[PDB]
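Read-outs: derived from the displayed coordinates by stated rules, not from any lab. Here Cβ is always computed from backbone atoms with ideal geometry, including for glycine, and neighbour counts include all displayed protein chains.
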Amino acid sequence: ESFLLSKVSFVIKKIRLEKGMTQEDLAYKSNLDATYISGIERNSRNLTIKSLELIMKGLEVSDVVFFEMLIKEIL
Amino acid sequence: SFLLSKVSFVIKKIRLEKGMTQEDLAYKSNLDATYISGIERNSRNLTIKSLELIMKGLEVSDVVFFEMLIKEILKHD
């Protein structure tokens with residue numbers, strides 16, 4: 001696997017979960033397919049920087065907060 | 001993509017800090033020069049894997065990189 005993917009995908013789930021949000025929820029707010037959101041979260045899809053931004057607007061989370069929560073998961 | 005803009009920028013910064021050129025980082029990170037240039041201007045679309053690849057070309061942690069990312073995000077005026 002890719003250790004990075006692991007941790008990005010993890011912080012996505014966390015926040016998605018923190019947001020009382022489901023997968024098809026986030027698929028809907030973020031303009032992607034649910035298929036894609038499941039996959040991503042089992043480290044079974046490869047997301048580009050765009051999809052990540054799309055996702056971050058689905059999540060309603062800034063880039064500072066996200067990446068602060070990313071480093072924390074690295075730790 | 002505003003994000004691309006600031007990721008790409010921290011890449012160049014550290015690459016530069018590292019007395020490193022683009023084909024240098026293409027070499028160490030095991031990508032194509034073509035894409036390293038592309039990334040740093042048109043911020044060509046890099047995936048999370050490519051980022052990790054590049055991050056090991058750069059010899060920089062995930063903590064320092066992302067600390068340097070936020071900073072580029074936070075700096076203003």
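For chain A, what is the calculated [θ] at 222 nm in deg cm²/dmol (nearest 500), taking -39500 (n - 2.57) for each run of four or more DSSP H residues and dividing by its residue count? Please report the intermediate quantities before stating the final value.
Working: 5 runs with 54 residues, N = 75.
Helix-only estimate at 222 nm: -21500 deg cm²/dmol.
In the protein assembly as shown, if every C-alpha pair distance is counted and binned at 5 Å from zero, what percent goes to each bin?
Taking all Cα pairs of the protein assembly as shown, the binned fractions are 2, 9, 19, 23, 20, 14, 8, 4, 1, 0 percent.
Averaged over its residues, how many other protein chain Cβ atoms are within 10 Å of peptide B:1-8's Cβ atoms?
Numbers: counts 6, 2, 7, 5, 0, 1, 3, 1.
For peptide B:1-8, the averaged partner shielding equals 3.
Percent relative contact order of chain B, based on C-alpha pairs within less than 8 angstrom and at least six residues apart? Each step should come with its number before you reach the end.
On the way: 65 pairs, mean separation 26.8, N = 77.
Here the relative contact order equals 35 percent.
Springs between alpha-carbon atoms under 10 Å, Gaussian network over chain B: tell me which of B:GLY38, B:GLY57, B:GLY19 tops the mean-square fluctuations.
In the Gaussian network model the winner is B:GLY19.
From the Cα trace of chain A, what convex hull volume per residue do you get, rounded to a whole Å³?
Numbers: hull volume 5.7 nm³, N = 75.
That works out to 76 Å³ per residue.
In a Gaussian network model over chain B where Cα atoms closer than 10 Å are linked, find which of B:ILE48, B:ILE11, B:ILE39 has the largest mean-square fluctuation.
B:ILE48
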